[PDB]
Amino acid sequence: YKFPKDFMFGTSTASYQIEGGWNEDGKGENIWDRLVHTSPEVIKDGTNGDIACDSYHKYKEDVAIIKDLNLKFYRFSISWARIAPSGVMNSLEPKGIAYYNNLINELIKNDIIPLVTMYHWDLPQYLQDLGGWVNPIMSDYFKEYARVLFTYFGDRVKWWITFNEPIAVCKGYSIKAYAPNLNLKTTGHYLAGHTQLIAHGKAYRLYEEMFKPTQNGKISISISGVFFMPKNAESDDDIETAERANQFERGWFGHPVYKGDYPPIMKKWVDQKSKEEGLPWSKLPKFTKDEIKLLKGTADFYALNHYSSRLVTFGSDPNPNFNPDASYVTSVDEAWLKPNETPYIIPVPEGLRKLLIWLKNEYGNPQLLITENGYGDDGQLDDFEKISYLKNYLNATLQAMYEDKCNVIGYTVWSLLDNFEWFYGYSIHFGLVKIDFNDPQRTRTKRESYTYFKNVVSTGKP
């Protein structure tokens, strides 16, 4: 198989992970600045995003590399606190707006489509002091932020993602996995998810009413998660468990946006767990009729981030990344493991094929853009395991397209550049391009995977 001529290839970064310039040009403090500066020990290699790839200054070089790759689009995120230091949009910083205008204009003059992520985890700290995403008022603050983005950039930006990986944003509140590094457990988990969903819906409907008539763009939300398969493929029990685990992982966000309301299985299980805990109301908030209508239909394409998969059966998982309200325990198929240190991302290309089918069947075969896929390693230039991962996942994508008729419209490699991998710091290297983080000039060096991907983009053949 090969990718068709009109297939969209791209690459992605995120603001905090590459930009640096963390306190330059009036930029406000965000929750990642706060975390790395006041709890530096939380980053496993003792690093921070103060400088990162210095793409705040080096963005023209980033665009030149994208142009050399001949990519159709570049997915990047906008730092809310560069635009409005407090997160409140009555005080805008023109220098922050200018940076993103400069990047957008650089992309367009090089015939690259900008695909903009509004929120990739860098909440302004003032808004976190209100409680951030577990405070329902945050959806109105997000709506106003989106308004400003559409106003300043929407004449040129026609592809938008509201939220990157809302599940990960939730985990920053619930299980100390990301900024703001709180331990609110499942109660906080669902509060953060609910607010992000309402925020998404408000932004989409605002776009529809106030900007789409003249801008004619598209919006989605990048829904991620570990994909789950039955431990025993012949067990009805395990098949049921996998469906529940999948609905809890990604149906949580997709069901409201595509089908209306939360997944029925989440209502059942969360309401019951809440009763078992003696809580006066369910941990899963209830949408109003009007909110269900607000949210249903708020994606013009399905945006998928995907990395890996696990087997499941009924039980309890010691890893807090797996939602205990769904009562599944994960495992890794022996076939996926090798006699060495386990990679950061365990390659399970069959999982992507099966996930694409799952999404096709659950949501009526929406046009689907893979907004992130990639593999992170020790940063060697001969990154052959990364090449193999990309090749195998690209082939899984082609199988889903041509064998199972999945409406996949594009694919995005995470990432163009090595970058700050959150609590792992620079220690995990996802880049097609190596960055020397010990060099003040943050020198770029192309890896073997760069040439591999360049060739796939040109020929359509993994």
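One rule holds for the numbers: they count along the sequence shown, beginning at 1.
When the C-alpha B-factors of 269-277 and 231-239 are averaged, 231-239 comes out higher. Set 118-126 against 207-215 and average the Cα temperature factors; 207-215 ends up higher. Comparing the listed residues 26, 49, 410, 431, the entry records the largest Cα B-factor for 26.
The residue among 419, 55, 30, 427 whose C-alpha carries the highest B-factor in the deposited model is 427. For residue 186, the recorded CA temperature factor ranks within the lowest third of the chain's modelled residues. Residue 142: CA B factor in the lowest third of modelled residues in this chain (values from the PDB entry). Sort the chain's modelled residues by C-alpha temperature factor and residue 201 lands in the lowest third, per the entry. Annotation for residue 423: CA B-factor lies in the middle third of the chain's modelled residues.
Placement of the Cα temperature factor of residue 194 within the chain: lowest third of the modelled residues, per the deposited record.
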